[PDB]
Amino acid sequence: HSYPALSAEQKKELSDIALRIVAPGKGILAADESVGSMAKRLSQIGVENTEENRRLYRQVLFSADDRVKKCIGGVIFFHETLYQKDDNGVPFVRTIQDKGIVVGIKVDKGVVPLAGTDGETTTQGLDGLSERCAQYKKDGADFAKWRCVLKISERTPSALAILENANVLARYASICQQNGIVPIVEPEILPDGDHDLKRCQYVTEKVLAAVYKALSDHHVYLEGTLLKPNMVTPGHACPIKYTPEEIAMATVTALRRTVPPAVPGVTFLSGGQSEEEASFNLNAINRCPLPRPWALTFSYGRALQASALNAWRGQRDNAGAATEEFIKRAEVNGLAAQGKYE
């Protein structure tokens, strides 16, 4: 029942790519904002949601200088963006590549409804994914991202929701690897709700436990993957206050009860945390007493570009300032990714 999914050479390539991304003090810039979600972010600072205005903004990020090299191991592109160029006619991909940063693409095609559940979902994107990966690889991508979304309520992460999702992730992962692309498995358990830290840890543990069993079933090569989970934290509506110490404690405990040592790194998602909240929590995590067999860095989206976006404000002059705001957060998180951030 063992028919080698990957050759020795292939496993190597995947493992290498994976390790480069989560290399010490390095994290991931998640700039894979769909043209849709991008509309919301741009609206907050004025800016019409044009393809141009998006190219312009992405440029603000990608034009960061060399100090971004020490803290950014990879950049997740949104399809559109993967084919855009800066004002000099230089492919954004080219630029990031030249700085030695790894290139990636969001490949999932959005979340969809699970009939019979309490507003739960699953994710689509598997159709033609293999051809697409082959193409993306051919265009410079070495890793991908697929986002599943789970929710916590009186009865939400349901057997079905956990069953599916865990399975979809495994499918997606399997397909990426046979195309020389490291897959970031992202089983995001939303913070919405008034649940306490205990509960989030519980649910996180059960979800991950399922996710890895699925990966096993689908013969996914663990050492050639990355996990992008949510940090275990109270619901946005939970009244209780917690120490980033307490959060780090629960998060690391959860992870070390479910993630096999073979996984090279866990790239946390900023979620609804503030630029600082993310940095503090990440730092705390990397300072947790408990032993960690894997890299514990970041794969932040807003937590890396909030202030940056706020500075730019659509103005061509504010470009450099915006870029600074980004490089700043990129650097601090690069430190938090080693617990050495004060």
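Sequential numbering from 1, following the sequence displayed.
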{"property": "Mean Cα B-factor comparison, 45-53 or 25-33, giving the higher one as deposited", "result": "45-53"}
{"property": "Mean C-alpha temperature factor, higher of 314-322 and 15-23", "result": "314-322"}
{"property": "Peak C-alpha temperature factor (PDB record), options 260, 229, 191, 89", "result": "89"}
{"property": "Residue selected from 234, 140, 113, 128 by maximal Cα B factor", "result": "140"}
{"property": "Lowest, middle or highest third - CA B-factor, residue 216", "result": "lowest"}
{"property": "Position of residue 295 among the chain's modelled residues by C-alpha B-factor, lowest, middle or highest third", "result": "lowest"}
{"property": "Residue 164 by Cα B-factor - lowest, middle or highest third of the modelled chain", "result": "highest"}
{"property": "Within-chain third of residue 180 by Cα B-factor, per the entry", "result": "middle"}
{"property": "Assigned third (lowest, middle, highest) for the C-alpha B factor of residue 78", "result": "highest"}
